[PDB]
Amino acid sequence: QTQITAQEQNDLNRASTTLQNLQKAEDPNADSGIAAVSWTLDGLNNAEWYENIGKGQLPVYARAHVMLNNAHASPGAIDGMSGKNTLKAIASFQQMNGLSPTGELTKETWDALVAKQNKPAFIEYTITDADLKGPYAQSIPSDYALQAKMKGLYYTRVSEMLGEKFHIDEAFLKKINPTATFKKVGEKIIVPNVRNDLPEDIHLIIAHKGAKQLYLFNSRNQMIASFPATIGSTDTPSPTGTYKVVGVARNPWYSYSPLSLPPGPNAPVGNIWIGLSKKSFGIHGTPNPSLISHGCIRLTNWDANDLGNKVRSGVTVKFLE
C-alpha cells in the first residue's frame, strides 16, 4: 500500500534526468515562447513555414498546435499564438523525435511535424441538435452554495462545449468562425482535426513543476506524451514521495469542507500513534477559465480524459522541481 520496488525508483530517477536535461536545452528566447493573414479553413491547412515568423497569433502557429496535439505533445487549448505552452510542446516533440529539444520552431522541426501528419490540421464540422440541446447551465456562480443546488456544473454556452470538444480556445474558435452564431442547427464551422490517442505503454508519470508540464514515459525510458499542467500551488514545493495511480473517476462529485496486529509496547509502531492530517492528490481537469493545493495536478479537461482512458491503476507518479 506504500511499496516502491527499486526498479520503480530507478525507472523514475532515469526519467527525471532526461527531464532535467530537457529543461536545460529549452531556449527561453525562441520566438515560439513569447506572447505578443488568412483564417479560412484553406489558409489554416496550408500554412507554410517561413523565415522570421516571430511572435503573435498566426495561422502557422495554429497549424503547428494541431500537429503537436496529434503527436502527443499537447499544446493545451489551441490558440495559434506563441507563448510558453507553445515552447514546451515543440520541445517535447523535438525530444520524442531525435531533434534537439530547443523549443524553437525551426524548419527542420516543422518539416518533421508535418511528416507525422497524414490528415489536415482542420476540418469542417456541422453543429447538430445534440450540440444545441446540452444540457446547459445559464451561469456557474462562484459561491459553492449556489453551485451546490444545481443539477450539474454543465457547460454554459454552445461555443464553450464545442471548444472543449475540439481542444480549441473559445475566442480562437470564434475568431476563425466569425459568422457563426452557434444557435442554428446545420451551421458549419471550422474545428481542429485532433485525435490524441495515447499508447497503452504508460509506465510512469512525472509532474515537472518547473516546466509546468506533465510528462508520460514508458518502460524503455522514451517520453511518449506531454501536457501543460498547473501543479499544486505557488509558495509550497511539490511532494517528494512517490505515488501510484489507483483509479479513474469520471464526472465526479466534489466535496468541500471549510492483516491486523494487537497492541502493546512491542508493536511495530509501539503503543501510541499521533495521527497527522491526510492529504489526497489527483490528476484532474479544469473548468471555465473564469472559475478559480500543494500536490494536485491540473490539466485541461480533454487532456486528463485522454490520460484517463489509457492509464492503468498501478503506474507510478512522481513530482520534480
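Quick note: we count residues from 1 along the sequence shown, nothing fancier.
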*Per the entry, how many residues of the deposited chain go unmodelled between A267 and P268: none, 1 to 3, 4 to 9, or 10 or more?*
none
*Where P258 meets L259 in the shown sequence, the number of deposited residues left unmodelled*: 10 or more
*From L214, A77, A73, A145, pick the one with the largest CA B-factor in the entry?*
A145
*Residue selected from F166, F227, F93, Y136 by maximal Cα B factor*: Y136
*Of the three thirds of its chain by CA temperature factor, lowest, middle or highest, which one includes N251?*
highest
*Lowest, middle or highest third: where is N69 by Cα B-factor in its chain?*
lowest
*What third of its chain's C-alpha B-factors does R63 belong to: lowest, middle or highest?*
lowest
_Relative C-alpha B-factor of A207, binned into the chain's lowest, middle or highest third_ = lowest
_Splitting the chain's C-alpha B-factors into thirds, which one does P141 fall into?_
highest
